[PDB]
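Here is how the chains run, residue by residue.
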Amino acid sequence: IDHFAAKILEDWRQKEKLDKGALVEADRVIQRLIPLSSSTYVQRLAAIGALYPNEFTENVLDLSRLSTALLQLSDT
Amino acid sequence: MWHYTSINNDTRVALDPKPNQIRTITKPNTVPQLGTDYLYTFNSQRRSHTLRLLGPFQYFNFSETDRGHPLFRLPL
Amino acid sequence: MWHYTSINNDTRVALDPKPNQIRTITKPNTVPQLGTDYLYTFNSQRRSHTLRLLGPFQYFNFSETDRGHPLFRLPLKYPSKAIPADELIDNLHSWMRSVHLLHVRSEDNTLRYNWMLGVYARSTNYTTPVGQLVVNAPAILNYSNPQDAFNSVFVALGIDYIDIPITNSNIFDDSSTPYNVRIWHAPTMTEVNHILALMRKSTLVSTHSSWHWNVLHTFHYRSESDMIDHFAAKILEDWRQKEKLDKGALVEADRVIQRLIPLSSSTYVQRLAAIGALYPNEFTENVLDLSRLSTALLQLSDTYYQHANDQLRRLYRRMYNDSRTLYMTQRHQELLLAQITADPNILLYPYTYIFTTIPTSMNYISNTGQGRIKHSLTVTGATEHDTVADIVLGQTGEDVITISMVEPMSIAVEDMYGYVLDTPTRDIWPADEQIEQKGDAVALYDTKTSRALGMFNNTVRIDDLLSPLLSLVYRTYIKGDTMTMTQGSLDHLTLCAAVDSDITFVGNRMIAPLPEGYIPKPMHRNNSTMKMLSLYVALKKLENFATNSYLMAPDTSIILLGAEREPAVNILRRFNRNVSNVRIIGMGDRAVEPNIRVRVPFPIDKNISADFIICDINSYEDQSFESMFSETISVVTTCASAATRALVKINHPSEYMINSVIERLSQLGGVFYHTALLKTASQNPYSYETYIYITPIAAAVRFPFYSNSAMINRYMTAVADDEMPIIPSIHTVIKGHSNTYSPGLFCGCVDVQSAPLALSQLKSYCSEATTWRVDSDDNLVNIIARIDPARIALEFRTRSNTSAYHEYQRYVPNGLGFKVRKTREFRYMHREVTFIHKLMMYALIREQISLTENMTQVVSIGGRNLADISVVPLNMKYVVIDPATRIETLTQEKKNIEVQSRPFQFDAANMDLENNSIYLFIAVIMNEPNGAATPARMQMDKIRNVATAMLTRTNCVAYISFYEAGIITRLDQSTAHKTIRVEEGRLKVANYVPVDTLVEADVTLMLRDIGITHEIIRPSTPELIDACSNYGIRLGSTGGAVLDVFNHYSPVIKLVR
Amino acid sequence: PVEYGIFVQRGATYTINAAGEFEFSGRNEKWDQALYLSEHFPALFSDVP
Ligand SMILES: Nc1nc2c(ncn2[C@@H]2O[C@H](COP(=O)(O)OP(=O)(O)OP(=O)(O)O)[C@@H](O)[C@H]2O)c(=O)[nH]1
Ligand SMILES: Nc1ncnc2c1ncn2[C@@H]1O[C@H](COP(=O)(O)OP(=O)(O)OP(=O)(O)O)[C@@H](O)[C@H]1O
Ligand SMILES: Nc1ncnc2c1ncn2[C@@H]1O[C@H](COP(=O)(O)OP(=O)(O)OP(=O)(O)O)[C@@H](O)[C@H]1O
Ligand SMILES: C[S@@+](CC[C@H](N)C(=O)[O-])C[C@H]1O[C@@H](n2cnc3c(N)ncnc32)[C@H](O)[C@@H]1O
Ligand SMILES: C[S@@+](CC[C@H](N)C(=O)[O-])C[C@H]1O[C@@H](n2cnc3c(N)ncnc32)[C@H](O)[C@@H]1O
Ligand SMILES: [Mg+2]
Ligand SMILES: [Mg+2]
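Below or above, wherever it landed, is the structure these notes cover. (Residues numbered from 1 in each chain as written, not as in the entry; some residues may be left out. Chains lettered and ligands numbered in written order. Part of a larger assembly, values for the part shown. Heavy atoms only, no water.)

## Remarks on the overall build of chain B
And step 1. Helices and strands together make up the secondary structure of chain B, namely two helices and two strands.
And step 2. When the helices and strands of chain B are listed from N to C terminus, the series reads α-β-β-α.
And step 3. For 76 residues, the compact-globule estimate of 2.2 N^0.38 gives 11 Å, and chain B exceeds it by more than 25% at 17 Å.
And step 4. For chain B, the C-alpha atoms occupy an extent of roughly 55 × 40 × 25 Å along the three principal directions.
And step 5. Relative to its 76 residues, chain B shows a buried fraction of 8%.
And step 6. In chain B, 25% of the contacts between residues at least 6 apart in sequence involve partners at least 24 apart.
And step 7. Split by element, the accessible area of chain B, about 6,300 Å² in all, is 56% carbon and sulfur.
And step 8. Looking at charge distribution, chain B has the averaged site of its 9 positive side-chain charges lying 7 Å from that of its 5 negative ones. (Helix = DSSP H or I, 4+ residues; strand = E, 2+ residues; numbered from the N terminus. Rg over C-alpha atoms; globule rule 2.2 N^0.38 Å. Buried < 20%, exposed > 50% of the residue type's maximum accessible area, 1.4 Å probe, protein only. Contact = heavy atoms within 4.5 Å. Areas by Shrake-Rupley, 256 points an atom, 1.4 Å probe, with all protein chains shown as cover. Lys, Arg positive; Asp, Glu negative; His and termini not counted. Charge placed at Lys NZ, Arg CZ, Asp CG, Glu CD.)

Dropping the structure here:
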């Protein structure tokens, strides 16, 4: 969970930059992890991660306990 | 400005040295320099020491023999 | 200067003292002094102590008793750091007191003292037969004739030789000696010949061409490796000496041929003997590396053993097969003759061949020691090429080369706060113009601005552009290195922008020292911070231009209308801490405290007013154009009503938006608003965002509306591109004369042997190319080379592929760089604004030229160093008429370029313009050929003459660049012009002499009077983007501020027939 | 131990080169006397600082 979360933050920041039209030296296009087998919660992180929710860009989530907020975001 | 502009590259491959640079990659001759060879920091609120090597050494498994060195005795 | 001049002398004999000096030779009375009695040094990198006695003691065997002394315990005592000088001196002194050589002082003035035998005897504590002889008869050490000094111990002991151990020079190391010096009882030349002959029947021995004290001595090595290192060091000594002798300088050589002669050795030592005797050119060129001398020496022999030269090969072979012979040049041999003449009984090595040296013409370039070479590749050369193989470049690690996106902008701090103005020009705003401009602004808003412009604007952020500088002010202030600056000074404001802590002067022009243990955090800044500061500076410069202090007046207020954290409000509040009574507040819809959170237009109840305002309102939400328009209008309206000096942002500065703003200010009752467009240097270089400046004045403002304004053109000319933006590639394969390369840069490495070929090929693309080896040991040479469109536009005009390969091969191996430190290249290098404007004008003229059909040639008068070559298509012929241009008849004939090399005459009758020709006059009319400024009436005159001269022509197209007068009106009011100036009403771009400017109205009026077709065009935003994308250039901040107002006031007249 | 790690990182043995320079193995191996006639020498006795 902590791994997937850190990766979701990395992918979201990267996409946030890509959508601004800036040139990026991304080492990889989709920074976030893909579960091959995981529990429910990691599947939830995978889902909101792939969504690229507006709520991240607005800083509506708190990164102090990132995965927690991420789980909550999925709940909405 | 819809289309993304990006230069994807295997940064991790670029980090790997030529075989000839391996002999001097430690730079045996000269002392490591802050902000180039290493990145020490002490968070007084957390009381937590944090050293972080730069360059190829950012990826570096330590032998237990390497962990027996006084350098790692330092935070204690 | 053929004959050598030298004064050979037995220096070793001169080192031996008179017997009377022996008693005090230790100088028992006084402490040893550094640099005279001893030479201590500590190499911290090697952690190796090294003491080295001077004078006679440089040759000094130590008794184990002497080695038991604490002095020698010292290096172990201080493993990691220099021995403190006090301990070094005291131990060295007490040990000096410890030594006492046996001697019998005598009154003869001819006498010397056999230092070697005495110190040796003492070192063995007089146990050896020599030590016995000395302990019983010290007088035997005294001698007149140097040789007899040993003969006396040879006869008295009955031995044929004595085996003296050598000394290590560094008295600290106790390591076993590589070899030792046997000394032979051979007074005559004959006895010497016999000993040499017998020596050639035994393992691992060698000897000098001549000997000290005229006494034969032989080195006996403990192993082959010791013999090799010895022979090598001697070869270096002999080569340096001969290198000096051949310069014709007088030398005090202690011996004519410094190098050793094997008597019996292995193969490898015989190889060293051979290349040693050769005195190869390669040494003088520094082609060899001395870091591992013998190795290179062996390698050198390997080339000579199979050398391309026949003479050098056979000579090296012959020397290898007679190692026992001492090969020497005739010029050495005459010195040996002078020596044998001055001292008839001198001994010197009898087996000796005299060869004439073989000349070699290849002058290799070379330089061991740090520093990459920055080659400037020639377009052509003596070498021809045919179907050159593709040259692969290696992958480079980040340990060697990093490729950052954008070059950070080194700059002076004051330059950050500059701004440029654009005053309104039109006296009226016709309704049809309103419909046209509205249609333009709506069509431009509905479809987004250029994707490439967006890429550059979002890649070249001003925050990162300034970051190395703003942090540097923080780093200096943290160390306390900063000291003096004025209160209102811009340097002071930069300091407030660099650190979170409040600053305070202790007096005039002096900041207070930091309290002990205090290291305040750097001020936190978002992208718009420095910009907001620079806008504040702009308002300060607009209230009165002459001001130097930038502090707000007491009892005055400012508002930063767009707000969030708005760090600039905090910095500004802290900058003005010493001024009494000053409101400073942000006021956004997203505002956090200190800033009040509130929407604009202000609520009808709330009372908001200030002496200044700096709006930065910008709705993130996508929206209808009508809503964006009404919102921006209401924002300018409330911003103008609330203050005497508003500085409103305009996110979409179309002519329609700005003119609607002027009309709206016209609609407000009873006040007349003077206005001016503005652009600070702290804005992102590529942003089309512009700050309108609203102020009230009692007079009605003549010419209040804008039309074809520069700041407006920066936005309006930009439009959605047909193509995807040109992403900068890193190329790794250097094809031979291919012309397929997208803009970017070659980067990689090759074996140094292949390096001359690589530089030979990339000359076709890159104008210049930095290269370097990482170390003397690693053969790969790294190479970085940005691709120049101009070099492509030159080199590809014809299929010939000439280059200076023959010169580039003079670089291998030491002649093309050394740098241990990792280098950092950028995908977008800095260039001065004038250069960017040049490339923009070139993109405009080139795109203009490609459209035209059936033109035989491009005649670029005043073309300098083929600067306009990028403009001309590879097919049609190019012509230059700049007197200053250098002639290269081979380059001209090979690349299809005539060069008149004469001052072009502007008189119409003398002038002869060919039909089907494109005449470029890019910045040539404004100057005389000698560089003196031509007065403006003469410039309009010569333009008129070029106009009348082409009236007869059927198909011809002039492009006369010039400077419009209006810019001097605008630069007089601006601040951001580090390059451009205004010395007494004349433009002074770059280093050029000041030059008077034409007025566009009179020029166009004159061209209408001539009746020739004309069209005043200027390069636009897409031309800028093409220039930067193609040349790999990032604009930079001062350039971003000044480029709009500069580009608009360099009109390019386009005469057409 | 520290000096040991620095010593043995260089190699337990070395070979004199034809050019005469030493070339340490960079390896930490136990010596066998079979090595005595080999090109290798024990590195404790190199006398290379
Ligand atoms: N022990 C001892 N050795 C000496 C003394 N003087 C000379 N030697 C050695 O005798 C050898 C032959 O003397 P040189 O003809 O001067 O040979 P060299 O190699 O040119 O000596 P450098 O001046 O060090 O270059 C040298 O290697 C010296 O080390 C001495 O007074 N005492
Ligand atoms: N965020 C979510 N995304 C997808 N499915 C969910 C989510 N939350 C609950 N579910 C579905 O409901 C079931 C879990 O029930 P429930 O929500 O009551 O408890 P939970 O697992 O603790 O989740 P929550 O924290 O939302 O209560 C799961 O099997 C899952 O299929
Ligand atoms: N630089 C040289 N000078 C003179 N003779 C040489 C040289 N190199 C090789 N030889 C001759 O060749 C023989 C050695 O063969 P070879 O060159 O294959 O091996 P090597 O001794 O290691 O030399 P290299 O290092 O050039 O390979 C010797 O007997 C010698 O006569
Ligand atoms: C481009 S930001 C710059 C603000 C400030 N320079 C900073 O970054 O600290 C402009 C801000 O103004 C706010 N804003 C947009 N429209 C506004 C309006 N109509 N009235 C008041 N504030 C507005 C937005 O929320 C946005 O965050
Ligand atoms: C500003 S430089 C080159 C400008 C621009 N980059 C270009 O290549 O056209 C102008 C050059 O034209 C030359 N020149 C000036 N007056 C000239 C004249 N009357 N006839 C021919 N050459 C002239 C000068 O030598 C000067 O170096
Ligand atoms: Mg990664
Ligand atoms: Mg000498």
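## Regarding helix α14 (residues 330–342) of chain C
An α-helical turn contains 3.6 residues, so any two residues separated by three or four positions project in the same direction.
All names here are of chain C.
And step 1. For α14, with 13 residues, the first-to-last C-alpha span of 19 Å sits near the 18 Å given by 1.5 Å per residue.
And step 2. The complete set of buried residues in α14 reads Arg-331, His-332, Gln-333, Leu-335, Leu-336 and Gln-339.
And step 3. Of the surrounding secondary structure, the elements contacted by the buried residues of α14 are α9 (224–245), β10 (328–329) and β11 (354–355). (Expected span 1.5 Å × (residues − 1).)

## Thoughts on the packing of aromatic side chains
And step 1. Tallied over the full model, the rule gives 42 aromatic pairs over all chains.
And step 2. Ring geometry for C:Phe62 versus C:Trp95: centroids 5.5 Å apart, planes at 55°, classification tilted. Placement of the pair is C:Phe62 in the loop between β2 (48–50) and α2 (64–67) and C:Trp95 in helix α4 (residues 85–98), with a sequence separation of 33 residues. In this structure, C:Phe62 and C:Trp95 share a single accessibility class: buried.
And step 3. Here D:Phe22 and D:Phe24 contribute two aromatic rings whose centre-to-centre distance is 6.3 Å and whose plane-to-plane angle is 55°, an arrangement assigned as tilted.
And step 4. Residue D:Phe22 is classed as partly exposed on the basis of its relative accessible area, which comes to 31%.
And step 5. On the basis of relative accessible area, D:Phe24 is assigned to the partly exposed category, the value being 21%.
And step 6. These aromatic residues form a ring-pair network of at least three members: C:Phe57, C:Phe60, C:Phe62, C:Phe72, C:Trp95 and C:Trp115.
And step 7. Positioned above the aromatic ring of C:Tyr445, the side-chain terminus of C:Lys448 is 4.9 Å from the ring centre.
And step 8. Over the ring of C:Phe545 we find C:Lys541, and its NZ or CZ is 4.9 Å from the ring centre. (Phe/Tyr/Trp six-rings, centres within 6.5 Å; stacked < 30°, edge-to-face > 60°. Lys NZ or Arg CZ within 6 Å of the ring centre and 35° of its normal.)

## Side note on the packing of helix α2 (residues 40–51) of chain A against helix α4 (residues 66–75) of chain A
Two packed helices can be described by the angle between their axes and the distance between those axes.
Residue and element names in this part refer to chain A.
And step 1. Running from N to C, α2 and α4 point in directions that differ by 75°, and their axes come no closer than 9 Å. In terms of orientation, α2 and α4 fall into the roughly perpendicular class. Contact residues: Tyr-41, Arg-44, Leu-45 and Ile-48 in α2; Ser-67, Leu-70, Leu-71, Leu-73 and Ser-74 in α4.
And step 2. Tallied by class, the residues present in the contact of α2 with α4 amount to six nonpolar, two polar and one charged. (Axes fitted to C-alpha atoms, helices over the stretch in contact; angles between N-to-C directions. Parallel < 35°, antiparallel > 145°, perpendicular 65-115°, else oblique. Nonpolar A, V, L, I, M, F, W, Y, C, P; charged D, E, K, R; others polar.)

## Some details on helix α17 (residues 462–479) of chain C
All names here are of chain C.
And step 1. Helix length check: α17 (18 residues) gives 26 Å between terminal C-alpha atoms against 26 Å at 1.5 Å per residue, within 8%.
And step 2. Along its length, α17 reaches its greatest deviation from straightness, about 40°, at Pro-468.
And step 3. Regarding α17, the residues found buried are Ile-462, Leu-465, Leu-466, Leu-469, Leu-470, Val-473, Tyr-474, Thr-476 and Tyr-477.
And step 4. Contacts from the buried residues of α17 go to α18 (490–498), β17 (510–511), α19 (529–543) and α33 (1037–1047). (Bend = angle between axes of the 7 residues up to and from the residue.)

## Describing the sheet that holds strand β31 (residues 857–860) of chain C
Residues and elements named next belong to chain C.
And step 1. Strand order in the open sheet formed by six strands is β33-β32-β31-β34-β35-β39, and the pairing between neighbours is mixed. On the outer flanks of this sheet lie β33 (897–899) and β39 (1052–1056), each paired with one strand and no other. Each neighbouring strand pair of the sheet contributes to a mean axis angle of 15°, computed without reference to strand direction.
And step 2. Relative to strand β34 (residues 917–921), β31 is paired through four bridges, and the arrangement is parallel. Paired with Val-859 across the two strands is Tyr-919, which belongs to β34.
And step 3. Lying over the sheet, helix α29 (residues 936–949) contacts β34, β35 (956–961) and β39, oriented at roughly 175° with respect to β35. (Pairing = 2+ DSSP bridges.)

## Observations regarding the interface of chain B and chain C
And step 1. Between chain B and chain C, the contact holds 19 residues from the first and 23 residues from the second.
And step 2. For the pairing of chain B and chain C, the buried interface totals around 1,800 Å² over both sides, and the portion due to carbon and sulfur atoms is 55%.
And step 3. At the boundary of chain B with chain C, the tally comes to one salt bridge.
And step 4. B:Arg23 is the salt-bridge partner of C:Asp777, the closest N and O atoms lying 3.4 Å from each other.
And step 5. On inspection of chain B and its partner chain C, the count reaches six residue pairs in polar contact.
And step 6. The class makeup of the residues in the side of chain B that touches chain C is nine nonpolar, seven polar and three charged. (Buried area = accessible area lost by both parts, 1.4 Å probe. Salt bridge = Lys/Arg side-chain N within 4 Å of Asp/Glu carboxyl O. Polar contact = N/O pair within 3.5 Å; in protein donor to acceptor, adjacent residues only side chain to side chain.)

## Concerning the site of ligand 3
All names here are of chain C.
And step 1. With respect to spatial proximity, the complete set of residues near ligand 3 consists of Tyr-268, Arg-271, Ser-301, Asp-302, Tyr-305, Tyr-316 and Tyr-320.
And step 2. At a separation of 3.0 Å, an oxygen atom of ligand 3 approaches a polar side-chain atom of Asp-302.
And step 3. In isolation ligand 3 exposes 570 Å². Once the protein is present, 49% of that is buried.
And step 4. Secondary-structure elements contributing two or more residues to the shell around ligand 3 are α10 (267–278), α12 (293–305) and α13 (310–321).
And step 5. It is α12 that provides the largest number of residues to the shell around ligand 3, a total of three residues. (Near = heavy atom within 4 Å.)

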